[PDB]
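Laboratory data are not the source of any read-out in this text; all were calculated from the coordinates shown. Neighbour counts run over all protein chains shown; Cβ positions are idealised from the backbone, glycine included.
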Amino acid sequence: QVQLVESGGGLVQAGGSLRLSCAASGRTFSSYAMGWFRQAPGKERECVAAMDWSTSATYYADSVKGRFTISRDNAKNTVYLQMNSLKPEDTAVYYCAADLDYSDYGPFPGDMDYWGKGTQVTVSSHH
């Protein structure tokens, strides 16, 4: 069975970093575009980042440009999201997703071929 499993999330202080990891298993993924979505309760799910397979094109939501970096490792069947300078507005469930069609990311996404179950990221501040 095909699975995308996110890890590396959880709690982090504002200004901190996390590196999400998506372990993709059960089929060949090197010809899939991979991406990250996020959704906070009461808000729509949005595409945060994506990367093509057939070219090195990447997409980032405006709110994360310069802060988040998507990359992948085909040998490890993993996709990463380096998330820096985190703010409370980054708090959400982050989902890994795979799609044959890179044009299905980003600001008006299509449906993905596979979805991870998601992992919680919580960015808190303290004053």
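Rundown of residues vs (1) of a type in the set (A, V, I, L, M); (2) without any contact (Cβ under 8 Å) to a residue 12 or more places away in the chain, yes/no style:
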site	(1), (2)
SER56	no, yes
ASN84	no, no
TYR94	no, no
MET112	yes, no
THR122	no, no
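Taking strands (runs of 3 or more DSSP E) as the structural unit, those lying wholly within the range 1-94 and holding at least 2 residues that are crowded, with 16+ Cβ neighbours inside 10 Å and in contact with a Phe, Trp or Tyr (Cβ under 9 Å, 6 or more places away or on another chain) correspond to 3-7, 18-25, 33-39, 46-51, 58-60, 68-73, 78-83.
Consider the range 95-127 and keep the residues that are surrounded by fewer than 13 Cβ atoms within 10 Å (Cβ to Cβ) and touching a helix residue (DSSP H, G or I) at 6+ places or on another chain (Cβ under 9 Å). The one that is nearest to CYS22 (Cα to Cα) is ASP111. Taken across the range 97-106, residues that are small (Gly, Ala, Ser), in a strand (DSSP E or B) and either more than 14 Å from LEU11 (Cβ to Cβ) or over 11 Å from the mean Cα position of the chain (by Cα) (or both) do occur, with at least one present.
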